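Chains as they are written, first to last, in the authors' numbering: chain A, 2 to 91; chain B, 2 to 91; chain C, 2 to 91; chain D, 2 to 91; chain E, 2 to 91; chain F, 2 to 91.
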C-alpha cells in the first residue's frame, strides 16, 4: 500500500514527457496510463512517499514545458478500498 | 436499498482523490466509477445516509482542492427502478 | 406505442437524479439511458402521456438543481418507424 | 439510388425529435442514425426527392424547437461511390 | 503510390457532402472515412494529382456550404512509410 | 533505446501531413499514431537524435501550415521504464 503519484495532462506529448521525467527522477514504478476523453491522460506512479513526491514534482514541471498540465497530486497511503478503482497495469 | 452518494469531476485526479477521501471519511462502499466523456468521471458510494452524506462532503471538498468538481449529490433511497441504470461494480 | 419522455443532461449526476425523480413521480418505465459523448446522457421513459409529462417535468426540475439539463421533451405517440432508433433497454 | 436527407444535431433529444418528425411528415425510410462524438448525432432518411426535402424541412424545424441543429441537407442522387461511406442500417 | 486528397470536417453532414462532391468532380477513389472525436471526420481520396486537386477543391467548397471544414490538403506522392498510418478502407 | 520524436495535432489532416514530412525529412521510423479524443492525434518517430530532431522540426512546420499543432518534442533517450507506455506499432 505504497504512495501514489498522479500527473494529468491535456495531450499525449505532455503525458509521455511526464512519465519519462517521473521514472527518471526517482525510484518509482509506472502503474497507470489512463485516457478519459477530452484529451485528458493521467500518468500514475507508485513508490515510497519521498520518491513519489520527487517524481510528481519532476513530471508536472516537465509536462508543463511541452504541454498542458491539468492536475497533479500525491496520496501517501491510498485507502485499501481505493485499490479497486486504480488501474491494474500502466 | 441504501443511500447513494455521487461525486462527478472533470479529470481523473479529482475522481481518485474524491474516491479516497469518501472511503476514508465514512463507512461507505465504492459502487461506481464511470466515464461519460468530456473528461467527466463519476464516483459512487453506498451506505447508511449519514455515512454517505459525510462521504460526499469529504469527497467533493478533497476533489475541489486538486481538480474540478462538476456535481455532487446524495439520494437517501433510490427508487427500485433506478437500480437498473446504476453501475453493477466500481 | 406509448408516450416517450426524454431528459438529456450534461453530466451523469444530473442523469441519475433525473431518472430517480422520473420513476418516483409517475407510473413510467425506464427504457433508455444513453451516452453520446461531450458528457451528454439521455434518460428515457415510457408510459401513458399524463404520466410521461409528469415524469419529464419532475426529472428536468430535479436534474437542474444538481447538474445541467440540455433538453427535455415528450413525444405522445412516436411513429412506428422511430422505434428502430430507440434503445432496446435502459 | 434514391435521395438522401440528413439532419445533424448536438444532443440525442434533438435527433429523436428530428427522426420522428421526418418519418411522420413524408414517405421516407430511416437509413442512418450515427454518433461521431462532441454530442453530434446524424439522422438519415431516403426516399423520393420531394418526400426527402419535406422530411428534412420538418426534421430540422422540429429538432430546433427542442434541441440544437448543426446542419441539414438533401442530396437528390448520391454518387454510387458514396454508398460505401453511408451507414448500412439506422 | 498515387496522390492523396483529404477533407476534414466538424460534423458528419459536411463529410458526406465533401465525399459526394469529391467523387462526382473527378476520377478519384474513396480510401478513408475516419472519425477522431470532437466531431472531426476526415474524408480521403486517391487518384492522379490533377483529379485529386480538383476533388479536394470541390469537396472543401461543398462541405463549407452545409457544414464546417477544419482542413483540406493534397499530398501528390505520400512517402512509402506513410502508407502504414493511412486507412486500409473507407 | 533510440531517440523519440512526437508531434501532436488537433485534426487528422495535420497528423498525416506531419507523418509524411517527418519520414521524408530524415531517416526515422513511424512508431506511434495515437488518438486520445478531443480531436488530438500524436505521431511518433524513432531514430538517431539528429534525424529525430530534423523530423520533428519538419513535421511540426508542415502540420502547422495545414492544421493545428498542439505540442512537439524530442526525447533523446527515453528511460527504459517509459517503453511500457509507448505504442507497440504505428
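Don't be surprised by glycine CBs; every beta carbon is placed ideally from N, CA and C.
Chain B within 8 Å of residue 71(A), Cβ atoms only | Closer than 8 Å: yes.
Use the C-beta contact count for residue 85(E): other C-beta atoms within 10 angstroms, 16 or more gives buried, fewer gives exposed.
-> With fewer than 16 Cβ atoms within 10 Å of its Cβ, residue 85(E) is classed as exposed.
Just the Cα atoms here: how many angstroms apart are residue 1(B) and residue 2(B)?
-> No statement about residue 1(B) is possible, as the shown extent of chain B runs from 2 to 91 and does not include it.
Just the C-alpha distance for residue 7(E) and residue 73(E), rounded to the nearest angstrom, thanks.
-> One C-alpha to the other measures close to 5 Å.
Assign residue 88(A) to buried or exposed, taking buried as 16 or more other Cβ atoms, counted over all protein chains shown, within 10 Å of its Cβ.
-> The residue is exposed, with fewer than 16 neighbouring Cβ atoms inside 10 Å.
Fully enclosed by the stretch 8 to 32 of chain D, which alpha helix (DSSP H) runs are 4 residues long or longer?
-> Listed in chain order, they are 13 to 26.
According to DSSP, is residue 40(C) helix, strand or coil?
-> Here DSSP, grouped into helix, strand and coil, assigns residue 40(C) to coil.
What do you reckon, are the CB atoms on residue 43(F) and residue 67(A) nearer than 8 Å?
-> The answer is no: Cβ separation not under 8 Å.
Interface residues of chain B around residue 15(C) at Cβ under 8 Å?
-> Residues of chain B with a Cβ closer than 8 Å to the Cβ of residue 15(C) are, in chain order, 72.
Do residue 40(E) and residue 37(D) come within 8 Å of each other at the CB atom, strictly closer than that value?
-> Yes, these two residues count as a Cβ contact at 8 Å.
Mind listing which residues of the stretch 28 to 49 of chain E have their C-beta closer than 9 Å to chain D's C-betas, in chain order?
-> Listed in sequence order: 29, 30, 31, 34, 36, 37, 38, 39, 40, 41, 42, 44.
Of the listed residues 62(E), 24(E), 29(E), nearest to residue 80(D) (C-alpha basis) | Comparing Cα-Cα distances from residue 80(D) to each of 62(E), 24(E), 29(E), the minimum goes to 24(E).
Between the C-alpha atoms of residue 9(E) and residue 61(C), what's the straight-line distance to the nearest angstrom?
-> About 36 Å.
Look at residue 21(C) and residue 17(B) and say whether their C-beta atoms are less than 8 Å apart.
-> No; because the gap between Cβ atoms is not below 8 Å, this pair is not in contact.
Residue 11(A) to residue 31(A), Cα distance in whole Å?
-> Roughly 19 Å separates the two Cα atoms.
Kindly indicate which residue of 83(C), 82(C), 29(C) has the alpha-carbon position closest to the one of residue 59(C).
-> Residue 29(C) is the option with its Cα nearest to residue 59(C).
Residue 75(F) - containing beta strand (DSSP E), residue span = Annotation for residue 75(F): the continuous beta strand (DSSP E) segment containing it runs 69 to 76.
So what does DSSP say about residue 91(A), is it helix, strand or coil?
-> In the structure shown, residue 91(A) falls within a coil segment according to DSSP collapsed to helix, strand and coil.
Mind listing the chain B neighbours of residue 83(A)? Cutoff is C-beta to C-beta under 8 Å, in chain order.
-> Listed by position along chain B, the residues whose Cβ is nearer than 8 Å to that of residue 83(A) are 17, 20, 21, 24, 31.
Cα separation between residue 82(E) and residue 90(E)?
-> Rounded to the nearest angstrom, the two C-alpha atoms are 17 Å apart.
Quick one: Cα of residue 55(F) to Cα of residue 64(F), how far?
-> Cα-Cα distance, rounded: 14 Å.
Inter-residue Cα distance where the pair is residue 69(C) and residue 5(B) | Counting only the Cα atoms, residue 5(B) lies some 19 Å from residue 69(C).
Apply the 10 Å Cβ neighbour rule to residue 1(E) and answer buried if 16 or more other Cβ atoms are within range, or exposed otherwise.
-> Absent from the structure is residue 1(E), since the part of chain E shown begins at 2 and ends at 91.
Backbone CA spacing between residue 71(C) and residue 53(A) [nearest angstrom] | Cα to Cα, the separation comes out at about 41 Å.
Could you name the residues of the same chain whose beta carbon sits closer than 7 Å to that of residue 51(E), not counting the 5 residues immediately before and after it, in chain order?
-> Correct list: empty, nothing qualifies.
Interface flag, residue 79(A) vs chain B, CB-CB below 8 Å = At least one beta carbon of chain B lies nearer than 8 Å to the beta carbon of residue 79(A).
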